[PDB]
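Protein chains: 2
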Amino acid sequence: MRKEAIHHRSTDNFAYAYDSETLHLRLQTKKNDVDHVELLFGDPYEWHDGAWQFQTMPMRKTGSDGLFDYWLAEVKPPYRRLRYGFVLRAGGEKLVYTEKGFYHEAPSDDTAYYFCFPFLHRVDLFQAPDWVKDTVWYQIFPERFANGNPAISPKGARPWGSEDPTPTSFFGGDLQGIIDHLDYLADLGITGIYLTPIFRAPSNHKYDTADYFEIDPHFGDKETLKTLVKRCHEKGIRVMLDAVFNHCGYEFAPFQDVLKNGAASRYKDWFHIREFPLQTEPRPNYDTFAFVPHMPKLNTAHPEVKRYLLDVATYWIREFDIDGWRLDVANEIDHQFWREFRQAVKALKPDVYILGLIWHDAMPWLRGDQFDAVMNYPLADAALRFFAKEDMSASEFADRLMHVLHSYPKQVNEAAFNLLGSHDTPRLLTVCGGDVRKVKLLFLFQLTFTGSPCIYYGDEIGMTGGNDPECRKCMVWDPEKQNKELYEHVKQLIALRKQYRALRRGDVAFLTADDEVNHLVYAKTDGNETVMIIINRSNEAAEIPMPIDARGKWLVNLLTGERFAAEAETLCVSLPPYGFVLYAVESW
Amino acid sequence: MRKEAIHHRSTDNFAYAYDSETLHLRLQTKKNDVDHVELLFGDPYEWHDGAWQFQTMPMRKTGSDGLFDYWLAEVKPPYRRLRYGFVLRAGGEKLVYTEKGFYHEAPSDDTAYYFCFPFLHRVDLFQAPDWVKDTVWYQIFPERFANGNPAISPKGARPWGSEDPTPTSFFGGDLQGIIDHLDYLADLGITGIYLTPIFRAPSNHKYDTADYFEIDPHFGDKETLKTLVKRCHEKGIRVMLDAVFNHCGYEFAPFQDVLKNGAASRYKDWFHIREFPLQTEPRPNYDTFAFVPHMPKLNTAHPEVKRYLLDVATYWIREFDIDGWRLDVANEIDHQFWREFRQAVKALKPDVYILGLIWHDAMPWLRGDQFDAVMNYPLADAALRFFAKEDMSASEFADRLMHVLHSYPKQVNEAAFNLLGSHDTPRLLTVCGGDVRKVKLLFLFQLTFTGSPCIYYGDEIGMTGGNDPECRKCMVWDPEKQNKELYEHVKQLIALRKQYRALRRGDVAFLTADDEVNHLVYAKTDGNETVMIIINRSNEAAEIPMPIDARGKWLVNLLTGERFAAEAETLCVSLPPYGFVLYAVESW
Ligand SMILES: OC[C@H]1O[C@@H]2O[C@H]3[C@H](O)[C@@H](O)[C@@H](O[C@H]4[C@H](O)[C@@H](O)[C@@H](O[C@H]5[C@H](O)[C@@H](O)[C@@H](O[C@H]6[C@H](O)[C@@H](O)[C@@H](O[C@H]7[C@H](O)[C@@H](O)[C@@H](O[C@H]8[C@H](O)[C@@H](O)[C@@H](O[C@H]1[C@H](O)[C@H]2O)O[C@@H]8CO)O[C@@H]7CO)O[C@@H]6CO)O[C@@H]5CO)O[C@@H]4CO)O[C@@H]3CO
Ligand SMILES: OC[C@H]1O[C@@H]2O[C@H]3[C@H](O)[C@@H](O)[C@@H](O[C@H]4[C@H](O)[C@@H](O)[C@@H](O[C@H]5[C@H](O)[C@@H](O)[C@@H](O[C@H]6[C@H](O)[C@@H](O)[C@@H](O[C@H]7[C@H](O)[C@@H](O)[C@@H](O[C@H]8[C@H](O)[C@@H](O)[C@@H](O[C@H]1[C@H](O)[C@H]2O)O[C@@H]8CO)O[C@@H]7CO)O[C@@H]6CO)O[C@@H]5CO)O[C@@H]4CO)O[C@@H]3CO
């Protein structure tokens with residue numbers, strides 16, 4: 001029984017509080033290295049006969065990547081506090097893993113041997129807005145969406161052409177447009193929209209922001225905005241704006257003032273500047289986004305900058321009653337700042353969803369003191385890799401997913417922002433090579449996977465385009481020109497997720513086979529509710545055997561409707577090329 | 001090459017900023033499973049040819065416990081950002097470890113694959129006061145040290161037998177006393193006293209706290225303290241106090257109130273009470289320390305308490321200028337409180353040492369937003385295990401030591417509070433079975449290890465006594481009944497640590513052999529200063545071999561002065577049973 005692979009710490013994804021009463025303890029072991037494993041536990045002060053009184057329940061296997069197996073244990077400390085150790089019987093061997101080491105028998109003279117989860121506090125608890133767990137997001141890069149009132153800038157008219165429209169010049173979008181095609185959304189079934197930056201700024205993309213307190217005229221005015229939110233909410237649609245706090249635009253008052261005066265400027269400390277005769281020759285002598293001079297890094301550490309932002313952050317939550325902030329390049333800001341940020345925001349509107357943009361691992365932020373969630377990129381990479389480019393197998397895929405899933409605490413996932421693409425990556429279609437078939441499978445997986453899914457304005461009606469700035473083509477409002485089949489597909493799937501909690505709140509369970517390198521089958525569960533998903537990611541007709549739960553009564557096809565009685569041990573499911581099917585199991 | 005054992009995550013002890021411009025990256029791998037390992041790094045936005053421009057430097061093995069070896073990479077990231085990966089070689093096998101997985105060749109099409117340490121913000125940087133690293137702590141339990149002005153309570157005056165007195169009832173210790181024996185301390189060499197709780201409370205010990213704003217009379221008064229404090233500083237001695245916040249006393253005003261009113265009392269929320277007919281029958285129906293009725297837990301979540309306690313914390317820092325708070329049962333309070341706590345305090349007096357009392361793994365609190373350090377109880381467990389009880393071998397010791405050490409970020413250990421005993425643990429001497437020899441070995445080890453050591457009043461003159469309240473015998477001031485040899489021993493060892501930088505803030509390195517069970521040989525290094533310690537943990541004269549570095553010119557005995565030319569491969573050192581020797585290796 002290899003020990004180099006047995007691991008647990010009482011922190012982050014291994015030990016945490018799920019709710020204000022239940023603790024979650026995850027243990028890591030090698031793949032099939034250990035048969036069973038029990039959670040040995042008890043309240044830290046429950047002593048008797050000079051020996052620590054303790055009881056022991058058993059942990060279940062909740063999945064495994066390509067190396068480890070993961071064990072979960074759900075427990076409620078009688079007296080809000082607990083000490084704990086692990087007991088793993090693998091074959092004839094029997095170990096007891098403790099913070100102090102491995103012992104052939106459970107020490108009982110002292111608690112010191114065991115890991116400890118002090119007090120389960122409700123305040124330290126991690127709780128993200130319960131609603132995002134049920135919404136379906138739709139991102140709409142304002143500029144290229146719909147032209148309502150022509151309070152637009154002077155240049156190019158809708159659809160430059162069939163291919164390649166878009167260099168780095170405007171088409172004239174605007175908030176009004178969104179308000180107008182607001183019926184479209186409500187029909188597609190979405191419940192939340194996320195607008196990319198919209199504050200007074202020089203580009204078609206509002207990231208090189210100029211004034212955070214003013215909405216870009218080319219988009220609208222306070223009136224226009226509060227109306228968009230009114231209509232939205234009115235229909236049950238939430239709104240999340242884009243918070244660009246890591247850096248500011250070149251036209252930002254204070255930064256401009258820094259050149260007007262140099263070392264003199266009353267705003268030097270608002271940025272990070274080394275050399276003062278600001279020269280951008282080889283490259284900026286001050287910290288800028290990547291190396292983009294026209295985008296200097298703010299100084300979230302400075303006292304003022306902090307209050308400038310903090311006010312902004314709250315300004316819109318109070319002035320327009322928005323529903324959340326997409327924090328841009330969030331990972332490049334001091335956690336302290338985010339701590340104050342969350343406090344300011346959450347003190348005004350608890351329900352404000354605080355989504356951050358972090359590409360890599362985000363444990364450091366999702367401790368419950370900073371972000372509500374983060375863009376689940378590691379997931380996207382996988383989905384595309386599997387369905388689009390067909391690089392990894394179904395198991396490799398299943399593995400990569402199990403792995404990420406287990407690197408955060410349970411609830412951290414339930415609020416994750418799962419997207420497949422955005423305004424920075426190649427349109428979902430083109431990445432599939434125009435094989436809509438694939439695109440539908442991507443939507444399926446994503447719309448039938450717990451988290452908080454988001455759709456990029458063009459993808460549902462089959463919009464094609466390469467990388468930036470191609471993914472940003474003007475939304476197609478020509479009935480004839482948009483793929484209604486893809487649209488109906490997403491529509492029904494969205495409404496499907498809408499009435500099958502399992503699909504949006506349950507846990508995944510891959511019944512993977514290291515043999516069916518192209519057959520992927522997983523099931524979502526929530527109490528009684530169980531939905532089975534089968535996918536033949538093959539270019540040939542396949543026959544995939546599906547495990548029918550013994551306890552099943554009925555078996556319904558969420559697509560076809562046909563509802564037949566389950567009966568055999570298994571159900572060989574026949575599917576066409578790149579085909580799929582959703583089955584809802586029963587109980588009686 | 002076992003992958004189940006390799007591990008790293010960008011966070012905690014694995015990836016942290018050491019200082020303003022330095023990052024430490026640790027890699028975990030199986031013991032001896034890997035020959036070499038190179039840190040593959042580079043800036044996130046550094047590009048050319050569409051290929052990410054990254055470079056490589058090699059990591060050094062910083063030691064290993066029982067199951068893993070450990071690697072450290074000290075990198076100075078320019079522009080402060082970094083995306084990085086590891087490259088571990090072996091018997092021809094060459095693997096590339098990235099957050100995204102294992103590859104036989106470092107990917108270069110996109111940084112997404114690599115681990116990431118975003119920005120190296122200064123404000124999030126962990127910085128515990130600096131002096132604590134350069135001090136040795138003497139801890140005194142007020143009620144049993146020295147008796148000055150007898151404003152003492154009415155009870156037994158001084159001892160009876162050599163170990164008889166002490167049941168759970170007074171003797172007359174008081175602050176004046178501490179003052180009247182400074183010379184003793186000043187002479188011993190200690191430079192910081194940490195004294196048990198001294199606030200109005202009806203108990204020989206003062207955790208039963210009844211008023212956090214008044215010095216229990218029996219010890220003295222406001223004026224007395226200002227003196228102790230005024231004088232200590234004068235002598236170069238710092239003062240730390242015991243903050244008892246996890247719970248209050250039974251005679252605590254606010255709790256008293258709640259006793260006669262219950263559902264009424266303005267203070268109903270100040271604590272934790274389920275059923276309101278407040279009863280201490282089979283056991284409290286309200287949250288209390290362990291199950292100690294007269295010690296109810298506080299609500300550090302409640303707005304008033306928080307303001308109350310935060311003021312207490314600040315009070316004794318303004319009015320008496322103390323240098324450090326000892327936070328008792330700290331692990332049972334919600335981190336948020338410890339964050340506000342740290343701010344209030346540090347804001348008033350940066351040098352305030354905020355030491356928490358956490359037994360188990362204290363990572364969650366050592367992120368830099370809460371405690372400055374914690375009681376190194378894991379290392380105390382090892383020491384005793386090895387020297388006194390003599391269970392584990394020199395290897396098992398050297399391992400546990402490497403394990404606890406590698407589980408925190410370097411600068412966290414530097415400020416760790418290294419104690420060997422308290423008023424809760426049995427006296428070394430008795431734990432050594434009365435073998436003063438072992439004892440001196442403990443002191444030797446303790447005063448040779450990096451951290452901030454703390455001697456327990458009495459242990460220097462070799463007092464005796466087992467568990468509570470044995471370890472609380474009145475202090476022996478009779479020159480006749482106090483081991484002058486031990487005192488004089490600890491004294492020159494302290495004076496040694498004070499003059500050999502390596503001994504106090506350097507790195508440890510065990511050269512112990514696996515077949516060795518009684519010979520402990522280790523070196524403390526810091527720059528060109530190198531101190532070698534040889535310990536014969538055997539009741540029998542021994543000959544231990546000690547390697548000498550090539551460059552070594554001299555080799556000086558620290559407690560003999562004897563100095564001799566290096567010139568040799570090894571130096572067989574002969575020691576008497578339970579012997580020890582400190583060598584300073586001068587080298588041109
Ligand atoms: O304010 C409370 C307390 O806080 C501090 O104590 C901390 C200490 O600094 C840490 O080192 C640590 O201790 C852990 C301990 O070392 C472990 O061994 C384990 O302890 C278990 C015991 O081994 C086990 O035997 C049993 O304990 C039973 C006792 O044996 C039994 O006698 C009785 O307990 C009575 C005490 O013995 C008695 O002294 C008295 O306690 C009061 C103290 O005398 C007084 O100084 C003060 O305590 C401080 C302490 O000084 C700080 O250093 O308040 C005490 C409260 O009255 O009365 C007790 C009456 O019940 O019953 C116990 C079973 O309940 O069980 C323990 C289980 O914990 O784990 C320890 C936890 O880490 O942590 C402590 C804070 O917990
Ligand atoms: O003004 C600059 C920029 O502003 C806007 O950009 C913002 C963007 O819209 C936001 O979404 C966010 O960006 C975050 C993004 O959401 C995350 O997904 C992520 O990005 C990672 C990349 O996805 C990943 O591929 C890798 O990227 C590396 C590339 O692979 C590598 O080829 C190279 O990049 C070069 C580009 O390929 C090249 O085209 C060129 O890029 C320029 C754009 O074409 C140009 O339009 C403009 O960008 C605007 C953008 O359009 C606005 O919407 O300037 C770009 C720079 O010249 O040059 C690149 C070399 O610099 O290098 C990258 C890595 O350096 O890793 C990344 C990081 O994980 O994180 C994004 C935040 O980092 O914020 C931006 C900025 O506000």
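Going down the list, the protein sequences come from chains A and B.
When you line the first sequence up against UniProt numbering, it's residues 1 to 588, in that order.
When you line the second sequence up against UniProt numbering, it's residues 1 to 588, in that order.
No residue lacks a Cβ here, since even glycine has one placed at the ideal position from N, Cα and C.
Would you decide whether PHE276(B) is buried or exposed? Buried here means 16 or more other CB atoms lie within 10 Å of its CB.
Exposed, because fewer than 16 other Cβ atoms sit within 10 Å of the Cβ of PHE276(B).
Quick one: using the 10 Å Cβ neighbour count with 16 as the cut-off for buried, is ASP130(B) buried or exposed?
By the 10 Å Cβ count, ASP130(B) comes out exposed.
Tell me whether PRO577(A) is buried or exposed, calling it buried when 16 or more other Cβ atoms sit within 10 Å of its Cβ.
Exposed, by the Cβ-count rule.
Using a threshold of 6 Å, is the CB atom of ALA290(A) nearer than that to any non-hydrogen atom of ligand 2?
Result yes, Cβ under 6 Å from ligand 2.
Return helix, strand or coil for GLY63(B), following the three-state DSSP convention.
The answer is strand: DSSP assigns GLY63(B) an E or B state.
My guess is that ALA394(B) and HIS519(B) are in contact by the Cβ rule of under 8 Å, so how many angstroms apart are they, rounded?
6 Å between Cβ atoms; contact.
Are the CB atoms of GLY561(B) and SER587(B) nearer to each other than 7 Å?
Not in contact: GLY561(B) and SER587(B) (Cβ atoms no closer than 7 Å).
Using a beta-carbon distance below 7 Å, is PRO576(A) in contact with chain B?
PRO576(A) does not count as touching chain B.
Does the segment 488–505 of chain B touch the segment 225–234 of chain B, meaning 3 or more C-beta pairs lie closer than 8 Å?
The answer is no - the segment 488–505 of chain B does not touch the segment 225–234 of chain B, with fewer than three Cβ pairs under 8 Å.
DSSP on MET532(B), reduced to helix/strand/coil?
Strand, per DSSP.
Is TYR45(A) near ligand 1 - that is, is its Cβ less than 6 Å away from at least one heavy atom of it?
Correct: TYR45(A) has its Cβ closer than 6 Å to ligand 1.
List the residues of chain B that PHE115(A) touches, going by C-beta distances under 8 Å, in chain order.
Chain B residues near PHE115(A): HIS360, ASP361.
Just to confirm, is the Cβ distance from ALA17(B) to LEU82(B) under 7 Å?
The answer is no: Cβ separation not under 7 Å.
Could you name the residues of chain A that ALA5(B) contacts, counting a contact when the two beta carbons are closer than 8 Å?
Residues of chain A passing the Cβ test: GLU4, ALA5.
May I ask you to list the residues that DSSP assigns as paired with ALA73(B)?
According to DSSP, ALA73(B) bridges with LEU25(B).
State the Cα-Cα distance for the pair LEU486(A) and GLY85(B), rounded to the nearest angstrom.
Rounded to whole angstroms, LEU486(A) to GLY85(B) spans 40 Å at the Cα level.
Here's the rule: buried if 16 or more other CB atoms are within 10 angstroms of the residue's CB, otherwise exposed. What is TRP316(B)?
It counts as buried.
Going by other Cβ atoms of all chains shown within 10 Å of its Cβ, with 16 needed for buried, is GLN139(B) buried or exposed?
Counting Cβ neighbours within 10 Å, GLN139(B) comes out buried, since at least 16 surround it.
Return no unless some Cβ of chain B is closer than 7 Å to the Cβ of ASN331(A).
Taking Cβ atoms only, chain B reaches closer than 7 Å to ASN331(A), which makes this a yes.
Compute the distance between the beta-carbons of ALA157(B) and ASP180(B), then report whether it is under 7 Å.
Cβ distance not < 7 Å, so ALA157(B) and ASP180(B) don't count as in contact.
Which stretch, first to last residue, makes up the beta strand (DSSP E) that contains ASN557(A)?
Element bounds for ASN557(A): 554–557.
Below 8 Å on C-beta distance, what does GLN53(B) contact in chain A?
Ordered by position in chain A, no residue passes the 8 Å Cβ test against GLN53(B), which lies about 12 Å from the chain.
Any C-beta of chain A sitting closer than 7 Å to the C-beta of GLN139(B)?
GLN139(B) does not count as touching chain A.
Give the DSSP-derived three-state secondary structure of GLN139(B) in the structure shown.
Strand.
Is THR111(B) near ligand 2, in the sense that its beta carbon is under 6 Å from a heavy atom of that ligand?
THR111(B) Cβ: within cutoff of ligand 2.
Are the beta-carbon atoms belonging to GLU251(B) and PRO202(B) less than 7 Å from one another?
Yes.
In this structure, how does DSSP classify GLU567(B) when only helix, strand and coil are distinguished?
Coil, per DSSP.
Does chain A have any CB closer than 7 Å to the CB of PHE371(B)?
Answer no: the Cβ-Cβ gap between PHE371(B) and chain A never drops below 7 Å.
So is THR11(B) in contact with chain A if we call contact Cβ pairs under 7 Å?
It does; some Cβ of chain A falls within 7 Å.
Output yes or no for whether 7 Å exceeds the beta carbon distance between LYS30(B) and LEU67(A).
Going by C-beta atoms, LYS30(B) is not nearer than 7 Å to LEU67(A).
Determine whether the beta carbon atoms of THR464(B) and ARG437(B) lie at a separation below 7 Å.
No, the Cβ-Cβ distance between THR464(B) and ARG437(B) is not below 7 Å.
Kindly indicate the opening and closing residues of the alpha helix (DSSP H) around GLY177(B).
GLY177(B) -> alpha helix (DSSP H) spans 175–180.
If you draw a straight line from the alpha carbon of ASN299(A) to that of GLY249(A), how long is it in whole angstroms?
Roughly 14 Å separates the two Cα atoms.
Ignoring anything shorter than 4 residues, give me the alpha helix (DSSP H) runs that lie fully in the segment 150–237 of chain B, in order along the chain.
Counting whole runs of 4 or more residues, the segment 150–237 of chain B contains the alpha helix (DSSP H) stretches 175–180, 182–188, 222–234.
Between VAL123(A) and ligand 1, is there a pair consisting of the residue's CB and a ligand heavy atom that are separated by less than 6 Å?
No, since every heavy atom of ligand 1 falls outside the 6 Å radius drawn around the Cβ of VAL123(A).
Quick one: which unbroken beta strand (DSSP E) runs of 3-plus residues sit fully inside the segment 311–343 of chain B? Chain order, please.
Entirely contained in the segment 311–343 of chain B, the beta strand (DSSP E) runs reaching 3 residues are, in chain order, 324–327.
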